[PDB]
Each structure stands twice: as structure tokens, then as C-alpha cells.
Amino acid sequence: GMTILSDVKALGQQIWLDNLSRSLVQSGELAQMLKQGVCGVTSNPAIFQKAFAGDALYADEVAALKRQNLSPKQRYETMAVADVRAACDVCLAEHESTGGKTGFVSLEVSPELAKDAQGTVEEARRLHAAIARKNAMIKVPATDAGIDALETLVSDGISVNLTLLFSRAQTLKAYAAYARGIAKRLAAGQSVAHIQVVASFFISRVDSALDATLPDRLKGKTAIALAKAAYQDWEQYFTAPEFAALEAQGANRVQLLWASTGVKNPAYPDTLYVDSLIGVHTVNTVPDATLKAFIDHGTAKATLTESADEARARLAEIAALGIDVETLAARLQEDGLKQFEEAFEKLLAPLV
């Protein structure tokens, strides 16, 4: 039942909604969710493409914006920033109640900037200022350029959702860049306690890529094993003396956020990813149908750290089979960027 969301909070994990639309906010539904245990919102270009295509409340907004001399990208941004700002207002009470630790809404920069660090910094600063809310996170793909940009944006005091992570190595690079930006701010005497970063590590895409050619004992197990190993890396990185020296001064840890947690293979229970990845100091962002499934028949248990030994053994067998998870991660990130760009171009076309 609905109290499972509160039960999961007690285990140290926030559950966010992986969807955003003008009607979700305007109808009052998002505000009711924030009272009933949803703790934040994520968007991406595919989410907006579907929202703009299907939500009736955009029609008048598009007609108004087509009366102005604006590029399709600025039409999109005016609509998207307005939804994000309205959602931030709904989530603000929650955000402020925890000292700025919860109640975030994420807006992703243009996919065409993914390999341009300076362009990414420029757009992220601009969108941060345009939303004008302390609980907005700018979402930035975790390419090498994105990790460069992350260090700068953190140095600038901006909260970031680093997305399209599939790699434990790349995630550790992101932690190091975060720590460099935090260290810069502390050395300059600037505040850090309100800077929040999440590392959105994708789940279902890994199993979708590998399962058809895996042996039976491994089907539907790789993504969870990778996530469990990533969380052990996280514990080790953030408790080490180097980060402890920063956390003593007010720095917040990065938190892992499980994304792509809707189950895509009907051979697996629809709550598989949410049930399997609950642990302290994490987030899981879920599409509506997965949130519904988890409320109905999910289980709140501290599963993320269970059986870490078996996770390691499975990842060792994945390597034994010749699957290089780092090569896979790069390919999955590249594919996700192409897919997001496809969705973005599809949403721009009706805005010309």
C-alpha cells in the first residue's frame, strides 16, 4: 500500500517520479504526491516529447509562443522551464523541510552539448538562472565533457543530476570531480552545504543489452549486480579520509540515483529493480506505472547491500564470458544520447 513510500524513506531511500507534465502540476496531483511520499521529479527529452505530444494543456501555450519570434528550442525551453518552475514550487516545502536534501526537480541540457564542456556549463548556468529555484537540478550526461562541466558547476554552487551513468569507473571519476569543485569552494570560503549532486546510474538498459545472449543463471542479474557493486564503491569513496575532511566542513556526499528502473522484460516482476536496490543515502526515480506497481505489491527491505559477494561473483562471470562492462557502458551512454537527441528533434518539429 501507499505507506511503502514512507517505509522506504525509513530505510534511507527517496523515491522520485520519473515524469513531468503541465497537467501533472496544474491538476494538483504532484502536490498530493509530495504529501504521500514522493520526494522529487526527474525529466529528460523523451519525457517532455511525450508530455508535449499528449497533454492538452500545452496547446494554448504553443499557440501563444508561435505568435512570437522564437526558435523552436526557445519555445521548448519556455514550456519546459515553466513546468520545472511550477514543479519546484510544489516541491519547495519538502525541500526546505529537510534543509535542502530532498524535493528536487531535474531539467536536462540539450543533448547536442554532451561533448562540449564549456557549452554545457554555459547552458547549465543559464537554465539554473532561468528556473530561479533552489530545488532545481540541472541534468548533465556523464560524458568526459560532462564530468569536466560538473566540476565547474559545483564550483559555481549549482546542484547537478549527472545522468546516463552505466560505468563504475565513470561514476568514480564523477565523485572525484565533485570533490574538486567542493574543495575549490571551501578554499575560497564559499558555502557548500546546499549543493546537492546525484549520480543517475541506469539499470534496465544493461539487462536489455545483455540478456538475450547470457547463460540462464545470469539473465536479469547483471544490472542489479553492477548497481550493488557501484554502491560498495560509493561507501568506500565517501567514507575515506579524503572526503571525510570535506564532509566535516559541510560538504554533502553525492548520492547514487537508480534510473531506468521500469522493468522492460516481461519475464521479470515489474517491481524487480525497485525491490532490489533499496539502501541508505540513495534515490530511485520511477515512471508512473512502476510507482503504481511498487505501491500495490512492492516490498520495502534493505536489499541493496545484501549478498554483495554474489554480485561480485556474477560480475566476474560476466567478464569470464567476454562482456566488458566498461565497453558496454560507453556504448549504452552513446546510444542513450542518440535516443535523447532523436526525441528532442521529434519534440522540436511541431514547434517550428
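A residue's number is simply how far along the shown sequence it sits, counting from 1.
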Checklist entry - Comparing 89-97 with 260-268, which has the greater mean CA B-factor as deposited? => result 89-97
Checklist entry - Out of 217-225 and 127-135, which one has CA B-factors that are higher on average in the deposited record? => result 217-225
Checklist outcome for this item: When the entry's CA B-factors for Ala293, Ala313, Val286, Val38 are compared, the highest one belongs to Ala313
Item to check | C-alpha B-factor winner, where the candidates are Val140, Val280, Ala183, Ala174 | outcome: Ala183
Checklist entry - Among the modelled residues of its chain, does the C-alpha B-factor of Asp144 lie in the lowest, middle or highest third? => result middle
Item to check | Position of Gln339 among the chain's modelled residues by C-alpha B-factor, lowest, middle or highest third | outcome: highest
Next on the checklist: Based on the deposited C-alpha B factors for this chain, I'd like to know if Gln32 is in the lowest, middle or highest third.
Outcome noted: highest
Next on the checklist: When the deposited Cα B-factors of this chain's modelled residues are ordered and cut into thirds, is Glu77 in the lowest, the middle or the highest one?
Outcome noted: middle
Checklist outcome for this item: Chain thirds by Cα B factor, record data; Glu242 belongs to the highest
